[PDB]
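The structure appears below as structure tokens.
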Amino acid sequence: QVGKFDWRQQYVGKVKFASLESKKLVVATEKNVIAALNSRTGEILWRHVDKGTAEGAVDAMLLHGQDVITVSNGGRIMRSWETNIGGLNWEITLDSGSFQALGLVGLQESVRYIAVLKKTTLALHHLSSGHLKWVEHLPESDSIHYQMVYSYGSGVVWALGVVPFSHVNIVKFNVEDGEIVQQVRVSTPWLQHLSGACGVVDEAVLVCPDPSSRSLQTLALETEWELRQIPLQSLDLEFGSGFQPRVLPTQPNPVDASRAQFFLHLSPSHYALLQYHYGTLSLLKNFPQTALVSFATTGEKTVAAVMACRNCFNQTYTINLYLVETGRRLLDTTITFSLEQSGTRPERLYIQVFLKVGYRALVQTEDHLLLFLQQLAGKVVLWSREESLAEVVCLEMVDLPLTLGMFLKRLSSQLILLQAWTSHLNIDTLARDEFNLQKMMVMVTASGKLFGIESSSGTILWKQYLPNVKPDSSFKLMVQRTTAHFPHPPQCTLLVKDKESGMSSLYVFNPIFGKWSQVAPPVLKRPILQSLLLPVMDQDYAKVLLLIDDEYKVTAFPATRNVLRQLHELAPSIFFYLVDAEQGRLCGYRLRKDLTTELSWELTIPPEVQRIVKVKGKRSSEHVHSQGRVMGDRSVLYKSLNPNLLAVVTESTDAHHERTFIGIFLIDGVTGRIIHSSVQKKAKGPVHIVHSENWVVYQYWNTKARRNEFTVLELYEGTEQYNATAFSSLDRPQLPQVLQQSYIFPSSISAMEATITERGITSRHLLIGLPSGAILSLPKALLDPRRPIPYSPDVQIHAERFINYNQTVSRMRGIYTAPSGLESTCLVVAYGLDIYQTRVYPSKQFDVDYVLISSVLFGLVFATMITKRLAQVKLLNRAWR
Amino acid sequence: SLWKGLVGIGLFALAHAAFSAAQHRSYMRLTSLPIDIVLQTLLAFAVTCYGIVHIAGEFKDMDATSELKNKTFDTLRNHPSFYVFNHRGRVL
Amino acid sequence: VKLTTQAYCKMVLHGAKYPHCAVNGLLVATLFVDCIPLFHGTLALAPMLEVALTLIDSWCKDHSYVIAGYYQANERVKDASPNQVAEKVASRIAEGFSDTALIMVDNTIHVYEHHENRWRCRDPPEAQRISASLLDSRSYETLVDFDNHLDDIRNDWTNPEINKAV
Amino acid sequence: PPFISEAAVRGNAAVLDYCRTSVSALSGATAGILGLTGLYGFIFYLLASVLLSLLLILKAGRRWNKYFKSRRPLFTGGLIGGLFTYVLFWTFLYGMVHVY
Amino acid sequence: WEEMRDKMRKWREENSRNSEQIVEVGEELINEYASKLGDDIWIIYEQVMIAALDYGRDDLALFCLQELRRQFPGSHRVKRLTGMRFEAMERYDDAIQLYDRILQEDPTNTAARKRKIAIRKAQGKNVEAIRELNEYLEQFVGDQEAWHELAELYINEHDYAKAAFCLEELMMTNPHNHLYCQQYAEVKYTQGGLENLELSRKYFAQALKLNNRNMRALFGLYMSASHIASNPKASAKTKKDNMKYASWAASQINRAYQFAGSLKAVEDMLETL
Amino acid sequence: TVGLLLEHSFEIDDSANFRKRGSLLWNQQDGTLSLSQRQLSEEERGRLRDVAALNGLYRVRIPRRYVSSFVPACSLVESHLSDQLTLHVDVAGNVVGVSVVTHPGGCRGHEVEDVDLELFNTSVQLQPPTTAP
Amino acid sequence: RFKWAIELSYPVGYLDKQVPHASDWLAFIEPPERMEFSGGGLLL
Amino acid sequence: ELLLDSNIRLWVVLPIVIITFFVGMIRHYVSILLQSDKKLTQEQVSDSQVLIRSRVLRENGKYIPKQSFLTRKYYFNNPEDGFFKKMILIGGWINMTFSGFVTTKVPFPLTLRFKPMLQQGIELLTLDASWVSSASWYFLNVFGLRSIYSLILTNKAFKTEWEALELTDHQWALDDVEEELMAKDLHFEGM
Ligand SMILES: *[C@@H]1O[C@H](CO)[C@@H](O)[C@H](O)[C@H]1NC(C)=O
Ligand SMILES: *[C@@H]1O[C@H](CO)[C@@H](O)[C@H](O)[C@H]1NC(C)=O
Ligand SMILES: *[C@@H]1O[C@H](CO)[C@@H](O)[C@H](O)[C@H]1NC(C)=O
């Protein structure tokens, strides 16, 4: 098992910055991560994840040939990694800034010193150590938007600034002084920025285009007065309608000046390749059908990679090289590839170059993918990496599909089996297996990418992309049918919100092959609020999956006659409960013969001293075996199940440790009566809760002893069995009795869940996720509240039951546990930016030296038949004495 | 050895019935009990009971004097461990 | 003293059928013409001997034949002498005939005679070889005698088949 | 009768025990195959015991009282030691077939 | 085929020495069916020998004894078979020594001392046989095969007073066989005496009761009845009831011979008294 | 102390025509709750029993100083009017919600000619939240 | 007419001297059916 | 209802049966190979034989005459002349090898107090006892085959006997058999 069925994949996310150039590259992604991927196959060397939230946000990557350089926490920090083993070499912190830009400079030929621009001052540090060298200030520093920087290596360092629509100001500094050399100030109130518009082509240059007049404002920045001008009208180079165009210069060595030639970006699909002489432009080439382009440079040569649509159409994009100084296309080095999906656009490109020429490409396509392309004619993708899985939302696990005359039939069958025995001695080729453990996984993702995996050596078998999906939305996953009504296939469903319009969408498909089914859903006109499954199957096996409007009306997807009849029959045995966290109000509605809802209960909370956090309900896919807990003295003690129960948890708005508290509420979804309303004082901590068949558990933080704790609840009615066959919640006056206790836990916590295995026989465990990535299994029966075994003195930590011994997980945003067919194993899954899968053995696998068996068998048999003939003989020779 | 063969035959028929029931159960689980298997097992049971009755043994009377109805004096006189050979058989 | 073929024949046949134990027989004729093998065994017991005496006496009085001799044959090959039993037997037989003959086969023929004296001796052919040939023809297995009659009535103490055989 | 052999007694008891225990095992199996619970299989054991008693009666013929002074053991016989065998063979074949 | 092994175990089951059929039917099995018998052979080598010896042959004897030595070299039972053939060829002191060895080294070996008695019985000395036998019995009181031969010996010595003791002891350990009873009657009638004769008639009838088919004791009953009914020492009641007994026995014997299908001779005997 | 209304509503169409059945009086200082009602005249009783024929509902409602709840008729009418009301609140003192349940059980069926149901044999009791260790 | 009335004439112990409850059924209980259904949650 | 593997059936059920059967057979044969002789001498043999003689005489001294009975009784009771006048390891191993399974089922319902013995290894404490362990299979087959094997295979006593012979009668029991036979008829038609 440790090497048979448990696997770990780990990801880093969607790139922001990166840098190529022996057999390693570097990235830096949205999720505050650094990595050193292998340039021959997808694999990692050193993740150095620091912090999920903003305070570890990267702002500029920059390497040095063997040393990386980094900036985190909104301009504060500056580290220096190694690029080989992630071994940090130095680290410092800086003063508050907006971090307008970053650079890298030298004295005359060197790379000793580096620059920074925080919009308030300017710095110069050493590199090997990190000890600062000098700092100084900007002239005015509050009104001229000091957005950029430039060196040409030797001597000095410039610094620009411009407000949207008044004028530009220019500066120049010299090392070892920090003094402001002459600062020019010229008027150009038509530009609105200079960050993504302009750039220095060769060794003192500013250049920016004015679509008005379709002209270029230019400046030999060393010595010139009033930004001499060149119109882009001599040539047929019209701009775009509302496109902000810009420049793309190059500087493969920061100490030697930038190359004259440069790209220019006119319109979404219009690029040009200009070259700058002393005062005159020399144009080489223009491309009207380009999506993306990049520069790159070898020791001395310099190239330009370009992408093109061939005939957009089957996404068959071509890639080519052109030489920068000249324009020449190179006969060889023409790649043609194509994607798998229908709407999927690259939006990114990086280049690696040899000196044989040849090259390799890196492509970060829209739907969170990474391709590494090589020039050869065989397998053209050298590796493909799927980064969308770095943020999973919800998932599910589905089962795989299935494959006297009586006496004569028996004879025939037996003969067939005899013949068989004697003779003996991918998506389309598999089916479920006995005591099933395959349990195909279906996961959904926030970038809009549906997957499918085997759960054993996880292999992506199918994929799907659904567009127009925001970063912050809300999903819910519902499984309708599994392998019945043979002319009918399986099908699952998916409900999506948009978070801005309240709109909703219903996408239905088949989990096995990945195709949208033949039928269409009803078009969701109004914002939908909630959903339930209603496990009553129509003529077609489909569960109805009712939905609730914002007009408090109903809609069912399989709105057929039979289903509506069933509803017109059994409407009043169905109830919805809704919640509003802003003001803290809950409501409960019902059905009618026709499809309307008439308010049934309501309940509020003061939102200034209590704030709902989360809501829990029992899983409908559970079975409970024992209705009682037999005491030590031949005494039964029945337990209250109340399927329709639900738990609510709250905490205050005052965050002082003096009077901060957590609130608990237990409620019945149908009526609206409280079974229990509890309060735990001197606690603030974020909560983590579980709600089983009849027990409840939550974790919290004690600010008077500054340490973590649990609290556990159990519910028993008594010694009698009120109406032991029907359990209508409209008829129970007898509110049960509560037992609870508060143990302690010595550490922090992350997501928690409980095991499960159908028929609920075996012991039930709790899976805990620590911050270090350790998972931990805990037996429920240890937490029993019928303990005098005192009030626990540091209930133990045991590092001998950790599932993930060294297969750690990073963040652990959640956990999933699903049932087997074997009743002693549960299938586990952990997301959290690096996936995990395994099995558990709560009862030691009690339902499953081999040769030694037959060895002792035949040894005994022969010893028997050898001892017989000895007994006979000895008896006979007794007779004769 | 007729009866023993009969017994073996019936018993083997019963075991075949068991095998058929096992395969039938596997097939039905993949998707209560037929007639033929039942008649077969009962056939084997009864035809084994009859034979094992006939073959176990034969009853013996418990009145001893019935055994010695025909026990002539001459057989009961000659005591072997006092045999002695000086007689006319020598002269044969 | 003249002994008939069948007399000596049945005599030695009986002597050979039950050799391990002594035997006796009763002769009826002095020209002996018939013998009776009656007993085989202990012979020191009166009642069966007495009913045999009475029955044979009555049957030969029906046929008006007399009892003409006794014979005894021991199992000890070297013993050829009379004990009390043969003495009394021949005493009563002589009382009835006063010319009776006592016989003891050497087995390796010692006919006696009593005239006021303890059964002294008397003056001592083809029939010998006749009987020998019969014996070597293995026919003594179908000879019935009084004891067999008392066991199975279905036998016959006249032994007619062996008589006609010769 | 007055004078008893006291050996043929043991022979007859032994053959009875043989037949009884064996048919008990056989019934346990033939029941464990087509598994049936509680009342039905007790009915089965008892009906089979009765069949055995009847067959032995047939075998004797007029009860041949020289063999048996009383018809009691024909019916009762050794009936407890057959129960254990019966349940054991229920177990065996129910297990093998009607479970897995 | 199996007939012959069972008919050669029959003659071992009822001590029926008929030793011409034994050899004739055995020699075949012992020569050319050794395999078939399957280790039921080491007794056919001892039944055949101890009877083929009495036939006189003396060539198969050693053919058996040597194999017996082969499989069972060290023993004390085959020592007996070596000490028997010795006394067959008139070697008695060698036999006594051969016995004395095992006896001196392993008492509770009755067979040996039994054969020692057999030697004396052979020679002729009966008094000494009796003494030795009783001295043995003292140690091992109860051996029916002894008692019966002891009574037969007391008979052969013409003493009909102490034998009845031995038979009484013998009919106390298995009183469901007619033979012992009718022989006790036969020896106590021949003993003479009124008390003896009434005891005799009683045990006669008690014997006949069991089998209801013995003829000897029936004739004995008749003869004893006639004897009392012509004995001038008994009450008239005895005489008349014994006459009735004799008449009823006569009628029953008439029934017997009727069932059979001479008659006249036996009827004349019957009406004699 | 304060007062608080208590509207009680029941019809055939499970609709809302909410009317009064009296008030509650709450003393905050020590903490005590009491009721003051009016009785049910004929038409109210007929309405209640016919609603009961269809297994309709009895609804109770009070304001936040709103909040509601419901309980069937079948479990009440045959109970000779033994209801139990609770008023759940927060730590500092704020109405949170209501809870109404009838004693005992429901739907055995025995009607009493509706002349026991003129005293509202009710019980009322409230609770702050049970603290824990 | 008695023709043949014949008269002929340490054995240890021989001398001629004419001397004179709930839980049981608990295990069998069937889980009761539920009647009401209640679904929803936290208002998407 | 627990869907189970067949490898369980074969390699768990059958070895138990086979092993207990054959080891019981082997124990029988070795016990036959162990019994030595305890013959000591002729003295106690003689004493035992004469004791059995006395017991017999006591019980069936009603088929012989009066006087002989009396001679023997007096001799045995004559003053001063009477001869009375002077599993563990195998179980451990097998349980050690099959430590925790669920083998099979019994078709009739058991109460819960039967549970701790049938399973004896398993910490489930929720199953109806009708589901059995492996070791219990061993302990049960022990009994089944202990019932099938039968198919396939001093001066004190002296004085007790003397005293028990004191209180004894003759009870000839031989005084009417004559008429009993003579009563009705004789019976023989089977020759
Ligand atoms: C779409 O892409 C596939 C790549 O496998 C190619 O075979 C196919 O021809 C493309 N479609 C068209 C219309 O060419
Ligand atoms: C439970 O509810 C059913 C519903 O029909 C009812 O028949 C039964 O009587 C109830 N149980 C009790 C104990 O009243
Ligand atoms: C009032 O409440 C009590 C509470 O115990 C209950 O027993 C009784 O039935 C109710 N009704 C009347 C009229 O007392």
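Just remember, in the structure tokens the first chain shown is A, the second B, etc., residues are 1-based per chain, and ligands are 1-based in the order shown.
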
Would you give me, as JSON, numbers by chain, the residues of chain C that come within 12 Å of chain H, using only C-alpha atoms?
{"C": [151, 152, 153, 154]}

Expected file: the selected residues, N, CA, C and O atoms, as a PDB file, in the first residue's frame:
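What follows is the written file part-v9.pdb:
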```pdb
ATOM      1  N   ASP C 151     -26.465 -87.272  16.688  1.00  0.00           N
ATOM      2  CA  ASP C 151     -26.347 -85.866  16.327  1.00  0.00           C
ATOM      3  C   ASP C 151     -27.353 -85.511  15.235  1.00  0.00           C
ATOM      4  O   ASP C 151     -28.157 -84.589  15.398  1.00  0.00           O
ATOM      5  N   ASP C 152     -27.317 -86.241  14.121  1.00  0.00           N
ATOM      6  CA  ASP C 152     -28.292 -86.109  13.044  1.00  0.00           C
ATOM      7  C   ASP C 152     -28.997 -87.446  12.868  1.00  0.00           C
ATOM      8  O   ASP C 152     -28.385 -88.422  12.422  1.00  0.00           O
ATOM      9  N   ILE C 153     -30.282 -87.490  13.226  1.00  0.00           N
ATOM     10  CA  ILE C 153     -31.104 -88.677  13.000  1.00  0.00           C
ATOM     11  C   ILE C 153     -31.061 -89.121  11.545  1.00  0.00           C
ATOM     12  O   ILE C 153     -31.231 -90.308  11.243  1.00  0.00           O
ATOM     13  N   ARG C 154     -30.821 -88.191  10.622  1.00  0.00           N
ATOM     14  CA  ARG C 154     -30.896 -88.474   9.195  1.00  0.00           C
ATOM     15  C   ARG C 154     -29.819 -89.434   8.703  1.00  0.00           C
ATOM     16  O   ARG C 154     -29.808 -89.746   7.507  1.00  0.00           O
TER      17      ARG C 154
END
```

Enumerate as a PyMOL selection string the residues within 8 Å of ligand 3, counting only C-alpha atoms and all ligand atoms.
chain F and resi 79-83+103+116+119+121-123

Taking only C-alpha atoms into account, find every residue of chain D that has an atom no more than 6 Å from chain H, and write it out as a PyMOL selection string.
chain D and resi 18+37-38+91+95

Residues flagged helix (DSSP H, G or I) by DSSP in chain D, as JSON, numbers by chain:
{"D": [8, 9, 10, 11, 12, 13, 14, 15, 16, 17, 18, 19, 20, 21, 22, 23, 24, 25, 26, 27, 28, 29, 30, 31, 32, 33, 39, 40, 41, 42, 43, 44, 45, 46, 47, 48, 49, 50, 51, 52, 53, 54, 55, 56, 57, 58, 59, 60, 72, 73, 74, 75, 80, 81, 82, 83, 84, 85, 86, 87, 88, 89, 90, 91, 92, 93, 94, 95, 96, 97, 98]}

If we count only C-alpha atoms and set the cut-off at 9 Å, which residues sit around residue 68 in chain B, ignoring sequence neighbours fewer than 3 positions away in its own chain? Please answer as a list in words.
residues 64, 65, 71 and 72 of chain B; 176, 177, 178 and 211 of chain E

Can those selected residues be exported to a file as a short mmCIF file (atom, residue, chain, number, x, y, z; two decimals), in the first residue's frame so that it contains N, CA, C and O atoms?
```cif
data_model
loop_
_atom_site.label_atom_id
_atom_site.label_comp_id
_atom_site.auth_asym_id
_atom_site.auth_seq_id
_atom_site.Cartn_x
_atom_site.Cartn_y
_atom_site.Cartn_z
N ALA B 64 -28.13 -66.38 23.47
CA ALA B 64 -26.89 -67.10 23.17
C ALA B 64 -27.18 -68.52 22.72
O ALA B 64 -26.59 -69.00 21.74
N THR B 65 -28.07 -69.22 23.42
CA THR B 65 -28.37 -70.61 23.11
C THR B 65 -28.76 -70.82 21.65
O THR B 65 -28.66 -71.95 21.15
N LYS B 71 -23.78 -77.28 17.97
CA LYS B 71 -22.39 -77.28 18.45
C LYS B 71 -22.11 -78.69 18.96
O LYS B 71 -22.41 -79.02 20.11
N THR B 72 -21.54 -79.52 18.10
CA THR B 72 -21.37 -80.92 18.43
C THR B 72 -20.27 -81.11 19.47
O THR B 72 -19.35 -80.30 19.59
N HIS E 176 -25.24 -71.59 29.54
CA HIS E 176 -26.20 -71.49 28.45
C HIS E 176 -25.86 -72.46 27.33
O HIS E 176 -26.27 -72.24 26.18
N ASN E 177 -25.11 -73.52 27.63
CA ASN E 177 -24.76 -74.54 26.66
C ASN E 177 -25.18 -75.90 27.20
O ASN E 177 -24.86 -76.25 28.33
N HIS E 178 -25.91 -76.64 26.37
CA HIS E 178 -26.46 -77.92 26.79
C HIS E 178 -25.37 -78.95 27.09
O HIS E 178 -25.57 -79.83 27.93
N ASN E 211 -31.73 -76.12 24.27
CA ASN E 211 -31.74 -76.33 22.83
C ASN E 211 -33.08 -76.87 22.35
O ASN E 211 -33.50 -76.56 21.24
#
```

Tell me, as a PDB file with N, CA and C atoms, in the first residue's frame, which residues lie within 10 Å of residue 86 in chain F, counting only C-alpha atoms; anything in the same chain fewer than 4 positions away does not count.
```
ATOM      1  N   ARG A 673     -37.254  24.564  16.081  1.00  0.00           N
ATOM      2  CA  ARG A 673     -37.083  24.535  17.524  1.00  0.00           C
ATOM      3  C   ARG A 673     -35.634  24.248  17.861  1.00  0.00           C
ATOM      4  N   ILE A 674     -35.159  24.877  18.916  1.00  0.00           N
ATOM      5  CA  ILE A 674     -33.789  24.707  19.362  1.00  0.00           C
ATOM      6  C   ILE A 674     -33.731  23.569  20.365  1.00  0.00           C
TER       7      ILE A 674
ATOM      8  N   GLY F  97     -35.642  33.644  19.205  1.00  0.00           N
ATOM      9  CA  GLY F  97     -36.674  32.891  18.524  1.00  0.00           C
ATOM     10  C   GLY F  97     -37.650  32.248  19.480  1.00  0.00           C
ATOM     11  N   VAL F  98     -38.550  31.469  18.886  1.00  0.00           N
ATOM     12  CA  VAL F  98     -39.713  30.909  19.551  1.00  0.00           C
ATOM     13  C   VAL F  98     -39.711  29.407  19.316  1.00  0.00           C
ATOM     14  N   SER F  99     -40.401  28.689  20.196  1.00  0.00           N
ATOM     15  CA  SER F  99     -40.516  27.244  20.053  1.00  0.00           C
ATOM     16  C   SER F  99     -41.811  26.794  20.704  1.00  0.00           C
ATOM     17  N   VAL F 100     -42.667  26.132  19.935  1.00  0.00           N
ATOM     18  CA  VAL F 100     -43.979  25.702  20.398  1.00  0.00           C
ATOM     19  C   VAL F 100     -44.107  24.216  20.128  1.00  0.00           C
ATOM     20  N   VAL F 101     -44.490  23.460  21.151  1.00  0.00           N
ATOM     21  CA  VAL F 101     -44.738  22.036  20.980  1.00  0.00           C
ATOM     22  C   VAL F 101     -45.878  21.623  21.893  1.00  0.00           C
ATOM     23  N   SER F 123     -48.080  26.003  29.194  1.00  0.00           N
ATOM     24  CA  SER F 123     -46.897  26.190  30.016  1.00  0.00           C
ATOM     25  C   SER F 123     -45.901  26.987  29.200  1.00  0.00           C
ATOM     26  N   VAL F 124     -45.292  27.985  29.826  1.00  0.00           N
ATOM     27  CA  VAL F 124     -44.348  28.872  29.166  1.00  0.00           C
ATOM     28  C   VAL F 124     -43.068  28.888  29.977  1.00  0.00           C
ATOM     29  N   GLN F 125     -41.934  28.904  29.286  1.00  0.00           N
ATOM     30  CA  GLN F 125     -40.665  28.887  29.995  1.00  0.00           C
ATOM     31  C   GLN F 125     -39.554  29.233  29.027  1.00  0.00           C
ATOM     32  N   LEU F 126     -38.629  30.076  29.470  1.00  0.00           N
ATOM     33  CA  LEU F 126     -37.556  30.589  28.635  1.00  0.00           C
ATOM     34  C   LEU F 126     -36.217  30.193  29.230  1.00  0.00           C
ATOM     35  N   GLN F 127     -35.167  30.364  28.429  1.00  0.00           N
ATOM     36  CA  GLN F 127     -33.852  29.983  28.849  1.00  0.00           C
ATOM     37  C   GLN F 127     -32.812  30.918  28.253  1.00  0.00           C
TER      38      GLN F 127
END
```
